[PDB]
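> So that we are looking at the same thing, I have put the structure below in C-alpha cells.
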Amino acid sequence: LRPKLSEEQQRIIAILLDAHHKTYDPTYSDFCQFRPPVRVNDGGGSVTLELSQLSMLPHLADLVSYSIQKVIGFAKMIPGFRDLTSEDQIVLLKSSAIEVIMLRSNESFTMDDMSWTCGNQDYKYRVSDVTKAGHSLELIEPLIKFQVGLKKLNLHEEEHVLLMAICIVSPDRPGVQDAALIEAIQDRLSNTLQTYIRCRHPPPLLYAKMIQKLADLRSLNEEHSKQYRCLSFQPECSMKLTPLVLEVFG
Ligand SMILES: CCC(CC)(c1ccc(CC[C@H](O)C(C)(C)C)c(C)c1)c1ccc(OC[C@@H](O)CCC(=O)O)c(C)c1
C-alpha cells in the first residue's frame, strides 16, 4: 500500500524544509569569522606532533560550535520539540550533536575528491584536517565510509531534513525522562518519512538504509566521545575549544 501524505505530514515536511533553509547557509559565508585554519608540516600524520600543535583545532572547534548553534535552531522548529521539557530538550541536543553534524556536513561533502568543500580552498576540509585536530584513523576511516554511503543514497532534501529530525528526537538516549513523548514525536516523523519514500521517491529498501545510517551514527558518536576524552587530556586544549563545545562534549 502507498497511502498519500496527510495534510499534517505535508505541513511537517514544509516546516522542516523551512527550518533547514533558515539554519543552513549553503554559501559558507560566516566561515571567515572563525579562528583561521592552520595547516602545518605533518606529511606523516605524527600523533606526537598533532597533539603538540593541534593546528586545525581552533578552526574546527569554531566550525563545530557554529554547526551546533544551527542544530539548536533547527531542533527548536521540529514539530513537537518545544512540547518536551527543557531538561529533555537539552539531553537530546547534547547526545545527538555530533551525529547531526555528521549528517548535515554531507551537504558540503563531495565524492569528487572525498572532501567537505565549503567555499574557497582554505575551507576545503579533508581527513588530514581532522588528524590535525588530534583525531585518529579509528574515527576518520568510518567517518568517510559514512559520508560516501550517505551521499550514494541521493536523499531528497525532504528525506535529509526528516533524517536529521528523527536523529535528534530519539527516545533511546541516556538520561531522557519522557521517552514515551519523545517516541510519539519520532514516530510522527518516521511515519512521514516512510510515507514520503513510498509515494515520492522514484525507483530504484531506502527507509531501511536510512535507519542503518542512524545505527552507524551511534558507533561514530561512541568513537568520537572516546577521542574527545583523549584530546581533553592535552594541556591547554580547552583554550582551543569553545564554551558550547566544552558543555556538549565535556
Ligand atoms: C572536517 C570534517 C567534519 C565532518 C563531520 C568534522 C569537523 C571536526 C571534527 C572534529 C571535532 C572535534 O572533535 C571537537 C568537538 C571540536 C573537539 C570532526 C570529527 C569532523 C565537518 C565538516 C564540515 C562541517 O560543517 C559544514 C557545514 O555543515 C557547516 C554549516 C552548518 O552545519 O550549518 C562540520 C560541522 C564538520
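> Tally the residues that are of a type in the set (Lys, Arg) and touching a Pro at 6+ places or on another chain (Cβ under 9 Å), restricting the search to region 191-228. Can you show your working first?
If we filter region 191-228 for residues that are of a type in the set (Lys, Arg), which is where we start, we get 198, 200, 209, 213, 218, 226.
Restricting the remaining residues to those that are touching a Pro at 6+ places or on another chain (Cβ under 9 Å) gives 198.
Matching residues across region 191-228 total 1.
> How many residues does region 75-109 hold that are assigned to a helix (DSSP H, G or I) and more than 13 Å from the ligand (Cβ to nearest atom)?
Matching residues across region 75-109 total 14.
> Filter region 159-185 down to residues that are part of a helix (DSSP H, G or I) and either within 23 Å of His224 (Cβ to Cβ) or within 15 Å of the ligand (Cβ to nearest atom) (or both), then give me how many there are.
Count: 9.
> Just to be sure I understand, how many residues within region 1-46 are away from the ligand (no atom under 16 Å from the Cβ), in a loop (DSSP other than H, G, I, E, B) and among the polar types (S, T, N, Q)?
Looking only at that region, the number is 3.
> Checking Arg188 against (1) within 13 Å of the ligand (Cβ to nearest atom); (2) touching a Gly at 6+ places or on another chain (Cβ under 9 Å), only one condition comes out false. Which one?
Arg188 satisfies every listed condition except (1).
> Inspect all residues belonging to region 147-158 and state whether any of them is away from the ligand (no atom under 16 Å from the Cβ) and assigned to a helix (DSSP H, G or I).
Kept after step one, since they are away from the ligand (no atom under 16 Å from the Cβ), are these residues of region 147-158: 152-154, 156, 158.
Keeping just the survivors that are assigned to a helix (DSSP H, G or I) gives 152, 158.
Yes.
> Can you spot a residue in region 152-167 that is under 30 Å from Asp18 (Cβ atoms), in contact with a helix residue (DSSP H, G or I) (Cβ under 7 Å, 6 or more places away or on another chain) and of a type in the set (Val, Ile, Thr)?
Yes - at least one qualifying residue is present in region 152-167.
> Continuing with this model, one more query. With the requirement that a residue be closer than 23 Å to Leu49 by Cβ and either of a type in the set (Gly, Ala, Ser) or away from the ligand (no atom under 12 Å from the Cβ) (or both), what does region 213-238 give you? Before you say what the answer is, go through the steps one by one.
Of region 213-238, the ones closer than 23 Å to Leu49 by Cβ are 223-224, 226-238.
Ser232, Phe233, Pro235, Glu236, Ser238, listed by residue number.
> Give region 132-146 a look and list any residue that's in a helix (DSSP H, G or I) and more than 10 Å from the ligand (Cβ to nearest atom), or say none.
Within region 132-146, the subset in a helix (DSSP H, G or I) is 137-146.
Selection gives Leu137, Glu138, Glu141, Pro142, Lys145.
Laboratory data are not the source of any read-out in this text; all were calculated from the coordinates shown. Reconstructed Cβ throughout: ideal geometry from the backbone, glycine too, with neighbour counts over all protein chains shown.
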